[PDB]
Amino acid sequence: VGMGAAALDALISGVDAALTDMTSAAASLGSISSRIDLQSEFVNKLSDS
Amino acid sequence: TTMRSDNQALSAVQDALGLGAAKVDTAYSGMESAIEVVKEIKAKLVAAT
């Protein structure tokens, strides 16, 4: 409500930075999930052996 | 994901561009009307000299 041009640009930049950080966090979570899947299949193979 | 976000931003910019084009068109129509009226005024005055 009545921020002005400079405040709007600062808010947009902050929102974009937060989006980038949270996208990085999502990528990290996906990597963790992939590592969990690999660990599961390796543990199954080791138990079978 | 970053490029999809940028695409959404570009769509918003497209909507803003349409709004601004409408504003400029209205202002330019008003400008033509004012120019025609002032030309008529000048013609009347040079007749009245």
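Which value in Å does the Kirkwood hydrodynamic radius of the protein assembly as shown take, with 1/r averaged over all unlike C-alpha pairs and then inverted?
Details: mean 1/r = 0.0497 Å⁻¹.
About 20.1 Å for the protein assembly as shown.
Rounded to the nearest 20 debye, what is the charge dipole size of chain A about its Cα centre when +1 sits on each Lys and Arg Cβ and -1 on each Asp and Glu Cβ? Kindly include the intermediate steps, with their values, before the conclusion.
Numbers: 2 positive and 6 negative charges, 19 e Å.
Dipole of chain A, to the nearest 20 debye: 100 debye.
Give the average, rounded to an integer, of partner chain Cβ atoms located within 10 angstrom of each Cβ in A:16-23. List each step's numbers first, then the result.
Working: counts 4, 0, 0, 3, 3, 0, 0, 3.
Across the residues of A:16-23, the mean count of other-chain Cβ atoms within 10 Å is 2.
Can you list the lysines whose alpha carbon is less than 28 Å from that of B:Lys23, not counting same-chain residues fewer than 8 positions off?
In chain and number order, the partners are B:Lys39.
Placing unit charges on C-beta atoms (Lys and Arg positive, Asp and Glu negative, everything else neutral), compute the dipole magnitude of chain B about its Cα centre in debye, rounded to 20. Write out the running numbers ahead of the final one.
Working: 5 positive and 6 negative charges, 36 e Å.
Charge dipole of chain B: 180 debye, to the nearest 20.
Using the Karplus equation 6.51 cos²θ - 1.76 cosθ + 1.60 (θ = phi - 60°), what ³J(HN,Hα) coupling, rounded to whole Hz, does each residue of the range A:15-23 give in order, writing x for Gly and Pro?
Values per residue, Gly and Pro as x: 4, 5, 5, 4, 4, 5, 4, 6, 5 Hz.
Going toward the positive end of the dipole of chain B, with +1 on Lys and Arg Cβ and -1 on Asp and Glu Cβ, which of B:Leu17, B:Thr2, B:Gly30 do you reach last?
Going by the Cα projections, it comes out as B:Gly30.
Charges only on Cβ, +1 for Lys and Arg, -1 for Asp and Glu: so what's the dipole of the protein assembly as shown about the Cα centre, in debye to the nearest 20? Provide the component values of the computation, followed by the final result.
Numbers: 7 positive and 12 negative charges, 80 e Å.
For the protein assembly as shown, the charge dipole is close to 380 debye.
Could you tell me how many degrees, from 0 to 90 and to the nearest 10, lie between the Cα long axis of helix B:2-48 and the main elongation axis, the longest principal axis, of the Cα atoms of chain B?
0
For chain A, what Kirkwood radius comes out of the mean inverse Cα-Cα distance, in Å?
On the way: mean 1/r = 0.0717 Å⁻¹.
Here the Kirkwood hydrodynamic radius works out to 14.0 Å.
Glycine gets a Cβ as well: all are built from the backbone with ideal geometry, and neighbour counts include every protein chain shown. We did not get these values from a lab; they are worked out from the coordinates using the rules stated.
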